[PDB]
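First comes one chain, alone, set out as structure tokens in the form deposited in one PDB entry.
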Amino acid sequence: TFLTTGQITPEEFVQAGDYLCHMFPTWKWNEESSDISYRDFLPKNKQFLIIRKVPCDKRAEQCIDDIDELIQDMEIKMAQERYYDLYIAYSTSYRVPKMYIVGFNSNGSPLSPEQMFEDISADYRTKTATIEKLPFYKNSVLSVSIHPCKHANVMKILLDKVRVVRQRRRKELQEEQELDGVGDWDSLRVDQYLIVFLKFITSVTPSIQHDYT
């Protein structure tokens, strides 16, 4: 399972994508366009996820329990202002999702690669972010991609930490029930994979508004 490896199959990528778009209407699957370079192991209308123009107020320089809370809650259900389009695509080399961000200034002018790195937290640059063309377009655009598995298997680490927290919380609860004599009075599914992935993304790009969470 994905909890053991921290990796998913294209089918699991689809479920997670659907869940993400269902819980956060702002996210959407790609439409079917002629300018897209389709991958056969994924339905044509579910190649990648996109969220448009997420605002960025400050640079990165200035700027686990939350995830669990958010996941639980969902189970219940310089000065320049910048805007970033965020793409989540599936990486076949690591069987993990991968994000691509494309920045713009208020006028809609694309920000250069160097400018976008100002929005990547210094603590994640070298082993997480690099410059590359969006891989899903025939005539592509430049962007900064954020990878979760080049060094540390981030998804794996995060999913484990989340389970540890839950196990502790569940046992601490039973212990408090015995202590208070009221003892006589949620698992992680692949659907929530991308939500954990976005938590990771939030640490990597701290100045990007949480309009995707």
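Quick note: we count residues from 1 along the sequence shown, nothing fancier.
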For this session: Quick one: classify how much of the deposited chain lacks coordinates between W185 and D186, choosing none, 1 to 3, 4 to 9, or 10 or more.
Result: 4 to 9
Exercise. Between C63 and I64, how many deposited residues lack coordinates (none, 1 to 3, 4 to 9, 10 or more)?
Worked result: 10 or more
For this session: Can you let me know which of the two, 140 to 148 or 162 to 170, has the higher average C-alpha B-factor in the entry?
Result: 162 to 170
Exercise. Quick one: higher average CA temperature factor, 118 to 126 or 91 to 99?
Worked result: 118 to 126
Seminar exercise, completed: For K53, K28, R59, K46, the deposited C-alpha B-factor is largest at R59
For this session: Pick out which of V204, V14, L20, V190 has the highest C-alpha B-factor in the PDB entry.
Result: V190
For this session: For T5, return the chain-relative third of its C-alpha B-factor as stated in the PDB record: lowest, middle or highest.
Result: middle
Problem set entry | Relative C-alpha B-factor of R82, binned into the chain's lowest, middle or highest third | middle
Seminar exercise, completed: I131: C-alpha B-factor third of its chain, per the entry, is the middle
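Although it is not shown, the form solved in complex with a partner chain is what the next lines describe.
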For this session: Look at the candidate spot formed by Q15, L158 and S207 and say whether its partner chain comes within 4.5 Å of a heavy atom in all three of them in the entry with it bound.
Result: no
Problem set entry | Proximity of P55 to its partner chain in the entry with it bound, heavy atoms at 4.5 Å | yes
Exercise. Looking at the partner-bound form in the entry with it bound, is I71 within 4.5 Å of its partner chain by any heavy atom?
Worked result: yes
Exercise. Wondering, does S37 line up within 4.5 Å of its partner chain in the entry with it bound on heavy atoms?
Worked result: no
Exercise. For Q62, is any heavy atom within 4.5 Å of its partner chain in the entry with it bound, or not?
Worked result: no
